[PDB]
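Student: I would like to see how this sequence folds:
(one chain, ligands or ions: 2)
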Amino acid sequence: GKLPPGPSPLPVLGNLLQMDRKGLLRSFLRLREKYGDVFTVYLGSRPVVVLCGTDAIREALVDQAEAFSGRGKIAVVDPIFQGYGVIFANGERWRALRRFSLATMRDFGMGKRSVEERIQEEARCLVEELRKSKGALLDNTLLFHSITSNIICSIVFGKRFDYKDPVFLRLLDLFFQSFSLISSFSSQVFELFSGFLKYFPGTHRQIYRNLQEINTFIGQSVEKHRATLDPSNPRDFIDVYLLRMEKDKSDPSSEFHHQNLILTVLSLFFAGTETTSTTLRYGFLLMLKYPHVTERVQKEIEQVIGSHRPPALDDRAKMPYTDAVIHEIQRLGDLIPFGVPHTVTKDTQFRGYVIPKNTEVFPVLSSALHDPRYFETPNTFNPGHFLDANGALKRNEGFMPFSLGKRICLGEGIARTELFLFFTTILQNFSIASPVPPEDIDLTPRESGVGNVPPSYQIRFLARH
Ligand code: HEM
Ligand SMILES: *C(=O)Cc1ccc(C(C)(C)C)cc1
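Tutor: Numbers count the residues shown, from 1 in each chain. Ligands and ions are numbered 1, 2, ... in the order given. This is the structure:
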């Protein structure tokens with residue numbers, strides 16, 4: 001039957017000649033226009049099936065969600081992970097690392113209460129930290145990273161850190177830079193010709209280091225727990241893991257090594273801290289660019305929540321507009337443009353084509369968030385996309401920033417919450433302004449790649465009365 005259509009690949013370099021010089025994302029979209037919604041591009045000696053548009057990403061990830069449930073390697077970070085840990089695990093190892101990781105969070109707040117009170121509590125510390133700066137010029141990057149990070153730490157590490165704790169900031173600064181580098185041009189280059197470049201110095205190297213430092217700290221805490229582990233009273237993801245580890249003294253085919261702990265924690269620590277926050281950050285840029293939206297987002301925080309209490313979770317259900325503004329931020333944000341590398345397990349008959357077992361599939365999520373089919377004016381910040389004539393939230397098929405299928409984000413729950421509770425609580429005690437006029441605001445991503453890092457802007461949170 002053969003693979004989907006796609007430019008013929010030269011030996012070794014593959015389609016290095018049909019790519020675009022702007023990046024993997026821009027390259028895929030250009031290939032889409034000539035070869036369709038489902039095409040095969042060769043990233044080196046690698047045949048990968050690209051999926052563009054809402055319908056093409058669902059017909060695979062949702063309706064044949066079993067064949068497309070495989071995970072692929074990422075050039076730069078594969079060295080660290082090597083198929084280990086919950087994010088890059090595959091097969092039985094994955095199923096059980098998800099089964100665990102997922103149900104571990106549930107034991108510590110993923111049931112959305114003891115976590116809500118944690119997020120709420122964190123916002124309280126944010127509001128106090130910001131109010132203390134008297135609303136001067138600050139880069140909200142390292143501070144937003146903190147609030148979202150402490151939420152996964154409240155679960156995976158038990159403790160939380162201080163916004164000024166030295167060891168804590170170093171951890172966060174690493175996650176910030178490690179994400180930029182991974183999303184940089186060279187990382188996308190390294191994706192194609194890793195087999196050659198991996199012998200020379202470059203960014204892919206400073207990535208290995210950066211993460212190995214967070215690994216050093218991870219193990220350093222894993223031991224700090226080990227020596228104080230009380231079985232009758234597990235404290236966090238670690239303890240429970242060390243326990244599921246103790247209940248398997250003999251089985252050498254348990255998928256719970258020291259490896260999977262050091263690497264699963266890394267995944268949750270990273271993922272949890274990182275994307276939830278850059279989304280909060282990208283968000284507040286829009287909130288400066290389209291201020292009339294900010295005012296209306298506040299008029300709702302007022303009409304529904306008031307000024308006395310904090311924003312609680314159930315409040316989101318009674319704030320249609322604000323739920324849409326968050327949704328749109330998340331849509332035009334698009335922190336993970338082409339998703340995380342998928343692969344097919346079985347030989348998959350799909351749209352007339354046959355995709356070989358273990359062939360990689362790239363779900364172009366960005367192409368679904370921007371599908372003209374499912375969005376009027378896809379190219380502009382528009383809270384209306386998610387509103388019916390009445391003014392109540394309207395589900396949109398094309399809204400998948402967390403992706404779809406048996407491989408959907410675990411942070412779906414905590415993230416969407418962190419977003420809302422953090423977005424409102426801030427806008428409830430602060431109003432934002434920047435020296436850069438709404439007209440001169442440039443949403444254009446400082447770095448566009450596997451991730452989509454927004455520029456770093458100066459902003460100030462002005463107290464309210
Ligand atoms: C705005 C916030 C977030 C966004 C947009 C996001 C997005 C994504 C995406 C696109 C994927 C992979 C999609 C795919 O497999 O096709 C993913 C997977 C994953 N996320 Fe996130 N994420 C966010 C926050 C979080 C948080 C807070 C956590 C944990 C606390 C987390 C943990 C994970 C894990 C463990 C996976 C891999 C699951 C698997 O491979 O089966 N993420 N996320
Ligand atoms: C949000 O999570 C940013 C992000 C996503 C995925 C990764 C990995 C997959 C660990 C490289 C890093 C940062």
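
Student: This structure: strands as residue ranges?
Tutor: Assigned by DSSP state E, the strands in the chain fall at 38-42, 47-51, 70-71, 138-139, 342-343, 348-350, 353-355, 360-363, 430-433, 447-448, 452-453, 458-463.

Student: want to throw the ones you listed into TSV with distance to residue 229 and mean neighbour count?
Tutor: C-beta: built from backbone N, CA, C; applies to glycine. Putting the strands of the chain into TSV (distance: least, Cβ to Cβ, whole Å; neighbours: other Cβ atoms under 10 Å) gives the following:
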stretch	distance to residue 229	mean neighbour count
strand 38-42	48	23
strand 47-51	43	25
strand 70-71	31	20
strand 138-139	39	14
strand 342-343	37	22
strand 348-350	44	18
strand 353-355	45	19
strand 360-363	40	24
strand 430-433	41	17
strand 447-448	40	20
strand 452-453	38	22
strand 458-463	41	17
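
Student: Let's have the ones you listed in TSV, adding distance to ligand 1.
Tutor: Below are the strands of the chain laid out as TSV (distance: least, Cβ to the nearest ligand atom, whole Å):
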stretch	distance to ligand 1
strand 38-42	16
strand 47-51	10
strand 70-71	6
strand 138-139	20
strand 342-343	6
strand 348-350	16
strand 353-355	16
strand 360-363	6
strand 430-433	20
strand 447-448	16
strand 452-453	10
strand 458-463	20
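
Student: quick one, phi psi at the residue in the chain that ligand 1 sits nearest to?
Tutor: Residue of the chain nearest ligand 1, by Cβ to the nearest ligand atom: residue 411 (2.0 Å). Per-residue torsions, residue 411: phi -80, psi 0 (degrees, to the nearest 10).

Student: Go ahead and confirm it touches residue 274.
Tutor: No: the criterion here is Cβ atoms under 8 Å, and residue 411 misses it with residue 274 at 9.8 Å.

Student: Please name whichever of the strands of the chain is nearest to residue 335.
Tutor: Taking Cβ to Cβ, strand 452-453 is the member of the strands of the chain nearest to residue 335, at 5.1 Å.

Student: Let me know whether the closest one sits next to ligand 2.
Tutor: No: Strand 452-453 does not reach ligand 2 (Cβ under 6 Å from any ligand atom); its nearest approach is 8.9 Å.

Student: name the helices or strands packed onto that strand?
Tutor: helix 166-183 (3 or more Cβ pairs under 8 Å, 6 or more residues apart in numbering; DSSP states H and E).

Student: Report all helices and strands that the helix it packs on contacts.
Tutor: Using 3+ Cβ pairs under 8 Å, 6+ apart, helix 166-183 sits against helix 141-156, helix 203-226, helix 258-289, strand 447-448, strand 452-453.

Student: pretty sure residue 80 contacts residue 216?
Tutor: No: distance between residue 80 and residue 216: 12.0 Å, which falls outside the contact criterion (Cβ under 8 Å).

Student: give the contact list for the residue in the stretch 1-150 of the chain that ligand 2 sits nearest to.
Tutor: Here the stretch 1-150 of the chain gets closest to ligand 2 at one residue, residue 77, 4.5 Å apart by Cβ to the nearest ligand atom. Taking Cβ atoms under 8 Å, 6 or more residues apart in numbering, we find residue 77 in contact with 88, 182, 207, 211.
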